[PDB]
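Encoded as structure tokens, the structure appears first; notes follow it.
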Amino acid sequence: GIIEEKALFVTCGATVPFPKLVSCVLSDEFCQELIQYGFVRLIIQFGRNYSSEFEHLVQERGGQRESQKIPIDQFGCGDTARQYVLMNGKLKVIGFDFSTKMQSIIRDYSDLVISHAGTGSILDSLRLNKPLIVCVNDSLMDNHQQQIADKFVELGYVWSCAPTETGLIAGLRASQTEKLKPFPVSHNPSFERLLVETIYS
């Protein structure tokens, strides 16, 4: 069954690098590692202006769209009713939050999150001594989010690993063995990020 225990929240925050790269985080590699991690309830959501693209991963794998509601189809960014299932209730891919509910999802579960470089996302996970895995984007560099990431290492060596089946697993297993010393950068919750998206108050 579902077996409530630990959830896994992942967010790309800024515009994703390439539709194919994301697939790795939502493909066979990620799926296999998920079941091996005791899957529970997967939730994913990001992008806004670019409206993302999603290489039709749901249809590609042959998923089933529950809540009948797909305006612009594609990924339905302007829709909070995105819910897909794999095989048969195996993997649950759902998206219903756009930089305006992230904290809402964590508090509800609060167990484990995979932030590639989300300054806000890591912020909460930090105060909650929650061990997460940071997917660093060596390929890119213009991403300000990563810039803020490289700083975390300077202080120590935050679990950093690029989207690889050999490297990503190292961070996962490591995150379930040791925690990062209480260090909540910026005296403010992920809310501070909200200002970035809002830009003008």
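Just so we're on the same page: first chain in the structure tokens is A, next is B, and so on; residues restart at 1 for each chain, and ligands are numbered from 1 in the order they show up.
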
May I have the residues within 12 Å of residue 186 of chain A as a PDB file with N, CA, C and O atoms, in the first residue's frame, using only C-alpha atoms and disregarding those fewer than 4 positions away in the same chain?
```
ATOM      1  N   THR A 119      17.310  28.050  -2.781  1.00  0.00           N
ATOM      2  CA  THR A 119      17.792  28.733  -1.583  1.00  0.00           C
ATOM      3  C   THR A 119      16.751  28.656  -0.476  1.00  0.00           C
ATOM      4  O   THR A 119      17.082  28.377   0.672  1.00  0.00           O
ATOM      5  N   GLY A 120      15.489  28.891  -0.836  1.00  0.00           N
ATOM      6  CA  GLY A 120      14.409  28.832   0.140  1.00  0.00           C
ATOM      7  C   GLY A 120      14.188  27.392   0.610  1.00  0.00           C
ATOM      8  O   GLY A 120      14.119  27.119   1.806  1.00  0.00           O
ATOM      9  N   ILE A 122      16.080  24.694   0.685  1.00  0.00           N
ATOM     10  CA  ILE A 122      17.117  24.203   1.585  1.00  0.00           C
ATOM     11  C   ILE A 122      17.020  24.908   2.935  1.00  0.00           C
ATOM     12  O   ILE A 122      17.415  24.355   3.955  1.00  0.00           O
ATOM     13  N   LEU A 123      16.528  26.141   2.916  1.00  0.00           N
ATOM     14  CA  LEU A 123      16.444  26.949   4.145  1.00  0.00           C
ATOM     15  C   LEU A 123      15.674  26.219   5.263  1.00  0.00           C
ATOM     16  O   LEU A 123      16.176  26.057   6.377  1.00  0.00           O
ATOM     17  N   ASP A 124      14.461  25.781   4.953  1.00  0.00           N
ATOM     18  CA  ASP A 124      13.631  25.075   5.929  1.00  0.00           C
ATOM     19  C   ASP A 124      14.290  23.755   6.322  1.00  0.00           C
ATOM     20  O   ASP A 124      14.475  23.468   7.499  1.00  0.00           O
ATOM     21  N   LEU A 126      17.157  23.018   6.442  1.00  0.00           N
ATOM     22  CA  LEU A 126      18.337  23.268   7.280  1.00  0.00           C
ATOM     23  C   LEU A 126      17.946  23.382   8.761  1.00  0.00           C
ATOM     24  O   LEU A 126      18.528  22.721   9.621  1.00  0.00           O
ATOM     25  N   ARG A 127      16.962  24.242   9.049  1.00  0.00           N
ATOM     26  CA  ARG A 127      16.518  24.454  10.432  1.00  0.00           C
ATOM     27  C   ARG A 127      15.900  23.184  11.001  1.00  0.00           C
ATOM     28  O   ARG A 127      15.892  22.973  12.215  1.00  0.00           O
ATOM     29  N   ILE A 148      24.610  30.468  -4.926  1.00  0.00           N
ATOM     30  CA  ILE A 148      24.358  30.443  -3.489  1.00  0.00           C
ATOM     31  C   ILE A 148      24.695  29.047  -2.921  1.00  0.00           C
ATOM     32  O   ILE A 148      25.009  28.911  -1.748  1.00  0.00           O
ATOM     33  N   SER A 190      11.881  30.246   4.070  1.00  0.00           N
ATOM     34  CA  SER A 190      11.778  30.278   2.602  1.00  0.00           C
ATOM     35  C   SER A 190      10.910  31.445   2.119  1.00  0.00           C
ATOM     36  O   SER A 190      10.892  31.766   0.937  1.00  0.00           O
ATOM     37  N   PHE A 191      10.208  32.082   3.051  1.00  0.00           N
ATOM     38  CA  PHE A 191       9.352  33.217   2.722  1.00  0.00           C
ATOM     39  C   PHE A 191      10.164  34.280   1.983  1.00  0.00           C
ATOM     40  O   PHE A 191       9.705  34.846   0.995  1.00  0.00           O
ATOM     41  N   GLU A 192      11.386  34.541   2.472  1.00  0.00           N
ATOM     42  CA  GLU A 192      12.269  35.541   1.852  1.00  0.00           C
ATOM     43  C   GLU A 192      12.313  35.348   0.333  1.00  0.00           C
ATOM     44  O   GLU A 192      12.330  36.313  -0.418  1.00  0.00           O
ATOM     45  N   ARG A 193      12.333  34.093  -0.107  1.00  0.00           N
ATOM     46  CA  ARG A 193      12.370  33.799  -1.538  1.00  0.00           C
ATOM     47  C   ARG A 193      11.129  34.386  -2.216  1.00  0.00           C
ATOM     48  O   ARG A 193      11.205  34.904  -3.327  1.00  0.00           O
TER      49      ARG A 193
END
```

**Report entry** Backbone DSSP call of strand (DSSP E) for segment 22-137 of chain A, listed as a VMD selection string
**Finding:** chain A and resid 42 to 44 64 to 65 82 to 85 92 to 95 113 to 115

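Among the candidate residues A:156, A:71, A:95, A:131, the one lying nearest to residue 171 of chain A is A:131, with distances computed using only C-alpha atoms.
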
Query raised in the report: Suppose you want the space between atom CA of residue 87 of chain A and atom CA of residue 162 of chain A; what is it in Å?
Result: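 Atom CA of residue 162 of chain A lies 27.6 Å from atom CA of residue 87 of chain A.
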
Query raised in the report: Using only C-alpha atoms, which residue out of A:200, A:84, A:30, A:50 lies closest to residue 65 of chain A?
Result: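 Among A:200, A:84, A:30, A:50, it is A:84 that comes nearest to residue 65 of chain A.
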
**Report entry** All residues 12 Å or closer to residue 59 of chain A, only C-alpha atoms, same chain fewer than 3 positions away omitted, as a PyMOL selection string
**Finding:** chain A and resi 54-56+62-65+73-75+84-87

Report task. Write out as a ChimeraX atom specification all residues of chain A that DSSP puts in alpha helix (DSSP H) for this structure's backbone. Result -> /A:19-25,28-35,57-61,102-109,119-127,144-155,168-175,191-198
